[PDB]
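All remarks here apply to the structure that follows.
Every residue, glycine as well, gets a Cβ built from its backbone with ideal geometry; the counts of neighbours run over all protein chains shown. A short reminder: the numbers here are calculations on the coordinates, not readings from a lab.
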Amino acid sequence: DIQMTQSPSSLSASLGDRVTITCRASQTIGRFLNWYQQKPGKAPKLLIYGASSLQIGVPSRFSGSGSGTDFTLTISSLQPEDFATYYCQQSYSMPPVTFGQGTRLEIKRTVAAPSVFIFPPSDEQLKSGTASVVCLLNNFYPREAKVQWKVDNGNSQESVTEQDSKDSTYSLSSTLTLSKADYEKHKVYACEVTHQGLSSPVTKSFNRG
Amino acid sequence: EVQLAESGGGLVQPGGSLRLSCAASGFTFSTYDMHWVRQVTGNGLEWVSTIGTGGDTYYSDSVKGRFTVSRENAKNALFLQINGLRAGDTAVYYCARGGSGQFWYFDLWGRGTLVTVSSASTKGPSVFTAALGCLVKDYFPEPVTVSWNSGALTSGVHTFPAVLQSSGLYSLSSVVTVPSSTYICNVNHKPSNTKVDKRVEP
Amino acid sequence: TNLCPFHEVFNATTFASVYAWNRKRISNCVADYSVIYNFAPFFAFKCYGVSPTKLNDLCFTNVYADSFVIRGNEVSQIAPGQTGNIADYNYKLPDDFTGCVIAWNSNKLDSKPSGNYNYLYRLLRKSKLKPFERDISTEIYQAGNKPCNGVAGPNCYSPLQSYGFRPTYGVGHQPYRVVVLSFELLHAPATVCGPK
């Protein structure tokens, strides 16, 4: 019942930046707040217990401190091993110990231009009558991109890759479900593109040539 | 080393029972409390249940009523018993140890046993500067992913994480970045002992 | 050895209303915490900044119990989160309440053939409210011009209204009994320890 609303997860920063992860609750929880650090390739791990006490094996830059209802897991200088997700937890209410939504620490670089591609399925996929629409967006730094499917000027999800440490970029792929003859009925299928950093994406569509 | 293990991970029918264990190492299992905190795939942590040193059990609002934690000081192994699973319970139940003090805090987390609750029977996928690929539709949750001809090229290959289709099957959309100013994709379906290949000449 | 009055709060055969607020300063208890952990299936066992697992190894000077009957829809607000009618007018917890709040369904024994009496709730007394301080004053509340001088009646029907509980397998917001527990530690030795 006790909420643990955290700051917006979209908090990018480079090395050395004084990142300030703020997390608040619905009421006073005293000094019973504690953080957790989870890299999405392994198990979770705690950073600060009692909201002021450093965990064994945690350096002094993890200066997460606070009092009453306000807490800041501040890291005055970052490290390549610090880029991960961070979760706050309250221990004022013992049985319903609740967590927050999290905040992702990502490596900052320059705004990378994406290369958008949309290719029609060949006869191999047409062998399956209920085909699927595809679209591709690779190597884009701003992770707030959006793909639109306003066909010709069956919704399905899309996947976003992790930050490719070789170039610090991201990739995106889209899928769209269609029933029988639902693809062969219409002619031009458009993958409308949108990205904060790549303007003027006028037209990119299927070609049933 | 002082580490928490886990077990009971695997596919299970919706509504069927299941048991998870959590072995101890080095530390005293009988003088420290243990907790269960599950994380939905891609979501954050969510507390599940806990049993104290004195055998007292504690559960969550969306957990109490069908789960039943169990502790045995012998074998130094925490246990969790589940009854009547559903789709909203697909999560990794990370085992956790409670440290000494006046407030609950988790200082040792296990590897995490994965639980996937569904009735979708096993099915095989298909093989249905520019970039192209081989859309791996009709997939299944796997531990190994597609590699382009045993991984002959890894410069521009992108392997997106799995996605869930409407029919309940997973999917993969591995693509490769090739110079464009004819290759072969090899799908890995080891959990069902299957492998295929297909050329990508436009 | 083995002397505790804890079972005098639970199973009282008559639970005090929210206006009564039956406290019980309990001391000199070195056992019987099993009646708290193991009981009928609890609808709510929301504890607070005292660890419930760690009580069996921690001694307390004062253990305060509080019992009352409330509607199942109002099982909340027994917390530092003051919100609602029962919070703003009837019962409220402090900011750093160190205790446990236990609640369970009482529809099986408080079923009445006619109901609509024997239990009360407050409507509007916002001008007076303090944690751990029962306001049993029920003369009249201010409305209109004259407080009707205790001979109230028509046109001055501002005073409170009692509960209308009459469940005959005919209600969903069933009445629930609550046993609030609290603890204190002062400049005095602790007498309520665990069994040895």
Original post:
Whole-Hz Karplus ³J(HN,Hα) for region C:48-55, in order, using 6.51 cos²θ - 1.76 cosθ + 1.60 and θ = phi - 60°, x for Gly and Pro?
Top reply: 9, x, 10, 4, x, 6, 9, 6
Original post:
Hey, what do the phi angles of region B:83-89 turn into as Karplus ³J(HN,Hα) couplings, whole Hz, using 6.51/-1.76/1.60 and θ = phi - 60°, x for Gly and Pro?
Top reply: 9, x, 6, 9, 5, x, 10
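What pairs in A:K39/A:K166; B:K137/B:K198; B:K64/C:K126; A:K127/B:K198; A:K150/B:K137 have C-alpha atoms more than 25 Å from each other? Could you put the intermediate results ahead of the total?
Working: A:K39/A:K166 18 Å; B:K137/B:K198 14 Å; B:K64/C:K126 37 Å; A:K127/B:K198 15 Å; A:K150/B:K137 23 Å.
Those over the limit are B:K64/C:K126.
So, with +1 on the Cβ of K and R and -1 on the Cβ of D and E, and no other charges, what is the size of the charge dipole of region B:130-199 about its Cα centre, to the nearest 20 debye?
Its charge dipole is roughly 120 debye.
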Original post:
Which cross-chain or sequence-distant (5 or more) residues have an amide H under 5 Å from the amide H of B:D33, H modelled 1.01 Å from N in plane?
Top reply: B:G98
**OP:** Name the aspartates and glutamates eligible as straight-distance cross-link partners of B:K190: C-alpha to C-alpha under 13 Å, and not fewer than 8 places from it in the same chain.
**Re:** B:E142
Subject >> region B:20-158 - charge dipole about Cα centre, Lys and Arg +1 at Cβ, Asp and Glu -1, debye rounded to 20 >> reply: 220
**OP:** Equivalent ellipsoid semi-axes for region B:81-198, as square roots of 5 times the alpha carbon gyration tensor eigenvalues: give them largest first, rounded to whole Å.
**Re:** 37, 20, 12
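Compute, for region A:71-139, the length of the dipole vector about the Cα centre, with Cβ point charges of +1 (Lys, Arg) and -1 (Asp, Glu) only. Units Debye, rounded to 20.
On the way: 4 positive and 5 negative charges, 31 e Å.
Result for region A:71-139 is approximately 140 debye, rounded to the nearest 20.
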Original post:
In what order do C:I78, C:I36 fall by count of nearby beta-carbon atoms within 10 Å, going from fewest to most?
Top reply: C:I36, C:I78
**OP:** Among A:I29, C:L109, C:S158, pick out the residue whose Cα is farthest towards the positive end of the charge dipole of the protein assembly as shown, where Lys and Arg carry +1 and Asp and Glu carry -1 on C-beta, about the Cα centre.
**Re:** C:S158
Original post:
Of C:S137, B:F160, B:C22, which is farthest along the charge dipole of the protein assembly as shown in the positive direction, counting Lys and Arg as +1 and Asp and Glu as -1 at C-beta?
Top reply: C:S137
Subject >> Amide H contacts of B:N186 (H built 1.01 Å from N, under 5 Å, at least 5 apart or other chain) >> reply: B:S147, B:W148, B:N149, B:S150
**OP:** Quick one, can you get me the convex hull of the C-alpha atoms of the protein assembly as shown expressed as volume per residue in Å³?
**Re:** 240
Subject >> Positive minus negative residues near C:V30 (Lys, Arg vs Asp, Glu; Cβ under 14 Å) >> reply: -1
Subject >> Of C:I70, C:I136, C:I102, the one that fluctuates the most in a GNM where chain C has Cα springs shorter than 10 Å >> reply: C:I136
Original post:
What shape does region C:134-196 have by the C-alpha gyration tensor, where a ≥ b ≥ c are the square roots of the eigenvalues, rounded means a/c under 1.5, and otherwise prolate means a/b greater than b/c and oblate the rest?
Top reply: oblate
Original post:
How large is ³J(HN,Hα), in whole Hz, for each residue of region B:11-20 in order, when computed from phi with the Karplus curve 6.51 cos²θ - 1.76 cosθ + 1.60 and θ = phi - 60°, using x for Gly and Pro?
Top reply: 5, 9, 6, x, x, x, 6, 6, 10, 10
**OP:** For region C:70-196, just say rounded, prolate or oblate: build the C-alpha gyration tensor, square-root its eigenvalues into a ≥ b ≥ c, call rounded for a/c under 1.5, and beyond that prolate if a/b exceeds b/c, oblate if not.
**Re:** oblate
Subject >> Column: log10 I(q)/I(0), Debye, Cα scatterers of region A:10-107, q = 0.10, 0.18 Å⁻¹ >> reply: -0.24, -0.79
Original post:
Put +1 on the Cβ of each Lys and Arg and -1 on the Cβ of each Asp and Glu in chain A; which of A:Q79, A:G197, A:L126 then has its Cα farthest toward the positive end of the dipole?
Top reply: A:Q79
Subject >> Residues of type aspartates and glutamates that A:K187 reaches as a straight line, Cα spacing below 17 Å, ignoring anything fewer than 8 places off in the same chain >> reply: A:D123, A:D152
Subject >> Shape of region C:87-139, Cα gyration tensor, a/c cut at 1.5 >> reply: oblate
